[PDB]
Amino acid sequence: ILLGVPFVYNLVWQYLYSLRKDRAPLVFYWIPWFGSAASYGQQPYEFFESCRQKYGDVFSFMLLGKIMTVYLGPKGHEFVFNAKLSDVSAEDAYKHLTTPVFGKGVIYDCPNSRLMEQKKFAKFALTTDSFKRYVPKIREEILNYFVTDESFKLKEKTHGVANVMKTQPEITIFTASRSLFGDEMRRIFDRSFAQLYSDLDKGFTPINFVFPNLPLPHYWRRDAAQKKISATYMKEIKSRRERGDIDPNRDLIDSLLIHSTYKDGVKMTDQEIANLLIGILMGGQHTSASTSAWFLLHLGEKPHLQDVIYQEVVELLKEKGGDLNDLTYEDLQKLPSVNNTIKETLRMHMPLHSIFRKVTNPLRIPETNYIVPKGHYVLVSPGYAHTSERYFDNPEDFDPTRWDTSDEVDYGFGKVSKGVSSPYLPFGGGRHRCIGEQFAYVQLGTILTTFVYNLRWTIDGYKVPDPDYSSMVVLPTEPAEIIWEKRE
């Protein structure tokens, strides 16, 4: 009867909290501590609506013992994405997840001042010039999946059925490796190095937000996975240092080697660079492999859209008389089917759905008397707004064409926007703004252009998969496959 005992107190307390006209409204739930982890972790945009139809734009909900004050729409964007440091912490929300996976010292295992420069150091491999050297590497890597991978084998076969839960994560990590990390880190993925990243993934799971370490196999296998992979990168670092092979514009390992001394002259360690390398590779590999998976599916549901984005690239190549191997970075900038498709795929399917900070001193919510106390979490969600009749009409319609017809601030890593209020914020905003956006459109952009150029495909049933949210990012439920045929 320690069933009534918690029930009666958590129940009676749930009503207690109703009183305070200074605390945002809270969603009801029957389980103590567990809260709405059910309804939210399964379909959270419905859940958001199922709360806005009741409470408007501002509200809260329990989540595995932790409070999550929400704020929808461009006003929520300003409230969380642009909070300054003395009220919200982005590390105190993302720490227990990313750190055990990437390693100490970097990303969220350091103060914000540190993180700001790591994002600056990174950006030295993310320039207009880098992207020109990456396009053909990324492309040729793709084509090498098309010819050597059992899902395609385009030099033997002419029709097939490729799983996008396999093709895209492998193509994504292979193209990221080959371009960001260079040829030896890519050649070393022949080995089931991949198995080590599989071991690292299975411990990069939302459950880390509460259970980041406990004595289980995939926990210790993740710990060991991070140790083996950093030391691999720590080995590439040492081997190109002592070789004198540090080329300040080529890879991201280079660029990180050069620039990795802080404002106060303090020096990132060899492992700290390796960990940050791990985070970068893993973060970008998830969010990019997802987006290419979806725009592969959606183009298979509306195969007309492969033909738009196809004819666009042959008009450019016919002006160059130069085949696909002569399709450059600046040519990506002139193919708006590709970019709007990616832009649309990111509207319909932003990879992160919730975005947290934790509250570090009481924070007054604007035009309310609600104050978030030290202890609760804030949650923006550019995703809700990405698929609301409020901000886009026919959010259901995968419409790449819909994309036709404030100055700046620099927190540390180059100039970003001061404006956060756009309904469309796939890459976030503020000091935690993403730095791989333009890079992602070079990847997704070459994946996409290469696929369409060689492959025409459909998806059987014209049923686009339902989305899953068990995981760190949002992915199609399998069987998520594509029925393809060589174009020639």
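Numbers follow the displayed sequence, beginning with 1.
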property: Between neighbours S406 and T405, residues that the deposited sequence lists but the model omits; result: 10 or more
property: 112 to 120 set against 203 to 211, stretch whose average Cα temperature factor tops the other in the entry; result: 203 to 211
property: Given 13 to 21 and 461 to 469, the range whose Cα B-factors average higher in the PDB entry; result: 13 to 21
property: Candidate set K104, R241, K132, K157 [ranked by C-alpha B-factor, highest]; result: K157
property: Selection from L216, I138, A293, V380 [criterion: highest C-alpha temperature factor in the record]; result: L216
property: Position of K374 among the chain's modelled residues by C-alpha B-factor, lowest, middle or highest third; result: highest
property: For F193, the third of its chain into which the C-alpha B factor falls; result: highest
property: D149 - Cα temperature factor, lowest/middle/highest third of chain; result: middle
property: For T446, the third of its chain into which the C-alpha B factor falls; result: lowest
property: Where the record places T172 (Cα B-factor, split into thirds across the chain); result: lowest
